[PDB]
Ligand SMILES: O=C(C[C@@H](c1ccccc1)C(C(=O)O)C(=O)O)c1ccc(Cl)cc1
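Just the one chain here, laid out as structure tokens, in the form solved without the named molecule.
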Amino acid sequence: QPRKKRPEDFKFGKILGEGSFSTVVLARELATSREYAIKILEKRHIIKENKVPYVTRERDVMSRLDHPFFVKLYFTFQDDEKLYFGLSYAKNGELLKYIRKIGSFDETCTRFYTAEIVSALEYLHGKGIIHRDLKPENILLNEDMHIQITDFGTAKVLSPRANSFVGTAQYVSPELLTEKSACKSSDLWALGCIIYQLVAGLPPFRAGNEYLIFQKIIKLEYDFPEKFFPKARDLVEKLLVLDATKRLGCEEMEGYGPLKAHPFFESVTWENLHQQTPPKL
């Protein structure tokens, strides 16, 4: 392998963003000119807050992925105080940004981006991995305007780490609120919310606070605005179903075939999405 990288191998630049346990900073590797988004984690804080399982899962899960719709973990290293993860730098930011910028998507853009998310989830669930925090904030856009999903510390790798995390309120599935249990279904729920959000401009469950959002979720209290692309409404209704075993994409619903075969995706070529030019605003 290459020599372990070190802080002194890079010129660190702008902070991209800041979380409770990490900071992502853009970094230029002196020896190659390459730019990376390096996620930097203070070891003390991770230890104090019992987060080693999560930091260990993020590295381990990202290390196992090898597909263009995910952020790549290129390297890791550490000094006495911090850990460093060398990630892809997605130049065009998060999908959330793009949703806020251009407002709601026309059907062509909705379809294209929905198809890349479905195709990514198919890859992920095939490896027996659940994301658990799928939302537009963590679906990045690369330079060529294809998706790159990130944020895997909170993921779950399935059996043959059970039910401790709950993602962003607006995307939380009913089964997380009623059971102590994450399943592939929960990602498919979040997918339904994301499709609704691309079309509508806002997510389907909204209120003043998290308690009120959760009450709406368990009662399935949401509505479609009037011009909502009909086949997309049909797809969303087949995902935002309280019975987790009855969501399109689930093993009990015969898998990703039926989901990919929905009318909404009739014009999609599923075989080489990453090779296709994305529609442009």
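One-based numbering along the sequence shown.
FYI, the form deposited with the named molecule bound isn't displayed, but the following is about it.
Checked against the named molecule in the deposited bound form, the candidates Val241, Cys250, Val55, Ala232 yield a single residue with a heavy atom inside 4.5 Å, and that residue is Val55. Note on contacts: among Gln78, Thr108, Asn163, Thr178, the single residue with a heavy atom within 4.5 Å of the named molecule in the deposited bound form is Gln78. Although the partner is absent here, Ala31 lies well away from the named molecule in the deposited bound form, with no heavy atom inside 4.5 Å. Contact between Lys280 and the named molecule in the deposited bound form is not found at the 4.5 Å heavy atom cutoff.
Heavy atoms of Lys43 reach within 4.5 Å of the named molecule in the deposited bound form, making it an interface residue. For the chain shown alone, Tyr123 is not a contact residue for the named molecule in the deposited bound form, no non-hydrogen atom being within 4.5 angstroms.
Listed stretches are 219-227, 55-63, 233-241, 252-260; the contact stretch with the named molecule in the deposited bound form is 55-63, by a heavy atom cutoff of 4.5 Å. Residues are counted as partner-facing when one of their heavy atoms sits within 4.5 Å of the named molecule in the deposited bound form; in 81-108 these are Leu83, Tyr84, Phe85, in sequence order.
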